[PDB]
Amino acid sequence: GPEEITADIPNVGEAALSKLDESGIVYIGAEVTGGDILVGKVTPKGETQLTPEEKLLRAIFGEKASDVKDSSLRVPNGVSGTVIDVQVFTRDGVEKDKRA
Amino acid sequence: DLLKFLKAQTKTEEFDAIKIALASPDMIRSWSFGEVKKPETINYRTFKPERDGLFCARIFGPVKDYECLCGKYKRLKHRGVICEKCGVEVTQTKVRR
Amino acid sequence: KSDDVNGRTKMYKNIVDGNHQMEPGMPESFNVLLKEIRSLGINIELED
Amino acid sequence: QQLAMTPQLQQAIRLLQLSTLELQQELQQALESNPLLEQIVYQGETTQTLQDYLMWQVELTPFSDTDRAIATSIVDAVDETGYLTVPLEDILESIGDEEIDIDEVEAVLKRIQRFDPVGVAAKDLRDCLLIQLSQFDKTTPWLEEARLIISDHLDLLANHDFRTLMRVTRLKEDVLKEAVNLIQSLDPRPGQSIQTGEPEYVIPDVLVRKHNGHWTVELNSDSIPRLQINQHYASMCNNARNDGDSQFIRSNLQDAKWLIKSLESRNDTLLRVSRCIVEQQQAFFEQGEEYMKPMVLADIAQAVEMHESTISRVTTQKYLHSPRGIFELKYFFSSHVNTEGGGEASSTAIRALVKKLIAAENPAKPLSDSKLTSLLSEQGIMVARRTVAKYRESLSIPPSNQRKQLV
Amino acid sequence: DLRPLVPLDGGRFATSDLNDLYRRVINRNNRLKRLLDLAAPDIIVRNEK
DNA sequence: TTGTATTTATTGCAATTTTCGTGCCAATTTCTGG
DNA sequence: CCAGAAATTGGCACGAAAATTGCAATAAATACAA
Ligand SMILES: [Zn+2]
């Protein structure tokens, strides 16, 4: 499957997702520092085999958290500034998000 | 005894001179751990090294610490064991250097 | 401070423990050079 | 007629069902044995993994030699998600010293479990959650209830009972919900903080795109296999030399000429099959997989006047790239169920509909299979309850009683 | 590990110069072995050598 | 002009095995009314 | 609140249908020597 740009990252806390909009992209005018998330992205890692351990994990914590990684864009260390512009380029035939 | 095994791999070689000469074919064969027969490097389907290729695990060693290629032996309790299916020794992955 | 892999980790542990001593060892680039010279069909080795 | 079926036609047919990588391997193998065939600094950076971080913390911890060996054994048996993959008896065996009991291994494991991240090297989920909960201060409002639930009743929490849990734990809805939320605020996989790896891609065999208001399908020229005749060896074919030398070249020239034609025919057959598939499943490439049509091998086998065996062989392990994504060219063949009035509905479309309907349900009361069947039997589809259950199981979705939540 | 492959974005596992030279040597050696096995005419095996 | 050796063209049948949807029914899960 | 029922779920089965896999040495077009 494809990589998804979204704000619903399971492993990160609620504070680190405060600067992202509904599309998983940082707001315009946000003051960011090194390590902050700018674009939220997840990479699939799903597989058919499911041990009882995976069943317990999915039952307790939900299915969204599993079968997904975290490959978000972060501010490089020692870099700060203000978000003044965001540009989104989408391939033809792909559904556009709200930000675009 | 795991203590001696872990202590032995940090030992430094003692020497006082460097010798250079020509290499006999027998010398070159004694250096090697196997013969490379195919020009393949990576499988690109399982993303594992091809057998008898330029990156073969049976010749140059494991790609992960103390694991054989097929996956029968995986931990330190099987260290030094040559797998009978894939032929990969269960040892450290730095032997590929 | 360089390609000697084991001494790198020994020195950090010694410094954190307050012991300012090192065990030098052998650089890795010399081993790389030995392997590259051997790949040319030349028998170069350390003795004693 | 039954064709002729020479040992050459068998190899020509067998080329159809090989993927591009296996086909390249076969081409190389045939290339190194036929002289007249031919084909047309960086070092990197070291990355720190979870085990490297754990060993770095082990080196800077006041362990003894025996404790350090035990810690090395423990860190060796830790997977990418941070869980211990072997029992402590295996670690004790791997130590190799007979004067060590299980208590020392337990103490070293307890010390390691407090490394960064906390909860790493845990035996199971209950142990990891208890380790993470033991680092919270006592001032947490609902620490004791969450600890009780995790320690004693976790299987029926996974079963989503939420009612027997009330009876056994003797709590209220406004407190049990807070305890459950506190539990769900914990980190299930401690070892995923350090993520190392790379996604793995594929090279598509055929590309379908939209040009000036229609769909165009063409082979991917960056991976299409092609061979060539060696002219230098072909020149010295009938010249003045030994008769055996001249006979060795004619046979190999014939073999090379046949192999090139077999490759070209394989490419042409693949292109025609892909073109027919794209023409048949035209609504899918525009409106998603809720509109996929139920076609089989015999449907394509009449539009190209081939046999079903050829269509089966061609579509094996060959990937198609579309604006929607990468598929396997056999993802477009599916079963069907009867609809209302007349027609057929594909199983892929029904799976998409089931996923959409389940994703838009009331969390308090999830939709059972009978309710899902009733909802589907309003759009025209006639699918049985057992079939809907099978589709839900194939989608890896828990039953209704395991999808409800206390909210 | 002294001649590693370069992984880049998009999954391109490009090869280095030493791996290319080794591949050329191995291909020529395999073709020559097969030709010597099959008793090819001398005019071809000389070119391969 | 004609029988003959060479080079193309051949990419399907027929078994055998797998998968399909949907019914039967025992074992769990929730609901209800007394 | 306690039975008893009503509902839910998944293993096994069935006959059709679909998909897979093993075959092993032919027929005609064409250049050619009598
Ligand atoms: Zn093995």
Side-chain angles (χ1 to χ4, degrees), chain A residues 55, chain D residues 1-18 155-156 159-167 237-238 247 250-273 276 294-302 304-317 328-339 344-351 354 358 364-374 376-377 381-404:
Chain A
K55 292 185 177 62
Chain D
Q1 43 103 56
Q2 300 185 2
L3 292 185
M5 200 44 58
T6 83
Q8 266 188 338
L9 192 48
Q10 302 185 12
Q11 190 206 9
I13 292 178
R14 196 185 60 89
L15 257 58
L16 292 179
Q17 65 167 336
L18 294 182
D155 43 70
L156 59 88
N159 267 14
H160 285 245
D161 274 5
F162 294 152
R163 200 183 48 82
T164 307
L165 190 56
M166 285 178 172
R167 171 194 306 179
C237 180
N238 56 331
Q247 240 291 328
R250 288 195 288 265
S251 311
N252 290 64
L253 190 62
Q254 252 62 78
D255 297 330
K257 284 186 175 180
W258 180 88
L259 181 53
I260 295 180
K261 286 159 47 189
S262 291
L263 264 179
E264 294 181 1
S265 89
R266 175 261 188 190
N267 285 329
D268 155 86
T269 299
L270 172 60
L271 187 52
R272 300 217 295 116
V273 168
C276 180
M295 69 174 184
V296 296
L297 294 180
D299 295 359
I300 308 301
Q302 267 207 342
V304 297
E305 295 298 332
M306 297 182 181
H307 197 269
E308 292 83 63
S309 299
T310 305
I311 312 299
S312 170
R313 290 193 177 101
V314 168
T315 63
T316 294
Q317 279 186 307
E328 213 241 12
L329 197 59
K330 195 172 282 297
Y331 173 76
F332 303 92
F333 298 90
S334 59
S335 56
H336 70 90
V337 321
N338 297 328
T339 191
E344 303 112 23
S346 175
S347 69
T348 305
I350 296 179
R351 282 188 176 91
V354 166
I358 291 183
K365 40 176 57 59
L367 290 167
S368 58
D369 293 335
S370 302
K371 310 304 173 60
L372 270 171
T373 297
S374 295
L376 286 177
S377 180
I381 307 179
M382 178 253 155
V383 56
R385 197 276 311 171
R386 190 64 188 86
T387 310
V388 177
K390 173 181 180 177
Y391 292 165
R392 176 181 49 79
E393 295 175 23
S394 68
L395 283 174
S396 294
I397 295 181
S400 68
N401 63 87
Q402 299 182 11
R403 300 198 312 269
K404 64 179 183 302

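All values below were derived from every heavy atom in this structure, side-chain atoms included, with hydrogens, water molecules and symmetry-related copies excluded. Order of the sequence lines sets the chain letters (A, B, ...), proteins ahead of strands, with each chain counted from 1.
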Exercise. Can you check the D:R14 CZ to G:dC23 P distance for me, whole Å?
Worked result: 14 Å
Exercise. Tell me, for nucleotides 22-34 of chain F in 5' to 3' order, what letter each nucleotide earns: B for a base near a protein heavy atom under 4.0 Å, S for only sugar-phosphate near one, - for neither?
Worked result: BB------S----
Exercise. Of all the choices, F:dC13, G:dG10, F:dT11, which nucleotide is nearest to the side chain of D:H307 once you look at every atom?
Worked result: F:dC13
Problem set entry | D:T316 vs D:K330 side-chain heavy atoms within contact, under 4.5 Å | yes
Exercise. How close or far is atom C1' of G:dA18 from atom CD1 of D:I311, stated in whole angstroms?
Worked result: 15 Å
Exercise. OP1 or OP2 of G:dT20 sitting under 4.0 Å from any side-chain N/O of D:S309?
Worked result: no
Problem set entry | D:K330 side chain, from C-beta outward: closest of G:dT21, F:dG12, G:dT20 | G:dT20
For this session: Verify the contact: side-chain N or O of D:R392 to OP1 or OP2 of G:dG10, cut-off strictly under 4.0 Å; return yes or no.
Result: yes
Seminar exercise, completed: Per the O4'-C1'-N9-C4 / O4'-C1'-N1-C2 angle with a 90° window around 0, G:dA24 comes out syn
Problem set entry | Protein-nucleotide distance (D:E393, atom CD; G:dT9, atom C1'), rounded to Å | 8 Å
For this session: Report yes if the side chains of D:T315 and D:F332 come closer than 4.5 Å at any heavy-atom pair, otherwise no.
Result: no
Seminar exercise, completed: Which of G:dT9, F:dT11, F:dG12 is nearest the side chain of D:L16? It is F:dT11
Exercise. What residues form a side-chain hydrogen bond (donor to acceptor under 3.5 Å, both in side chains) with D:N252, not counting sequence neighbours?
Worked result: D:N34
Pairs under 3.5 angstrom, nitrogen or oxygen only, protein versus nucleotides 4-9 of chain F, please.
from, atom 1, to, atom 2, distance (Å)
F:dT8, OP2, D:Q254, NE2, 3.4
F:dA9, OP2, D:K261, NZ, 3.4

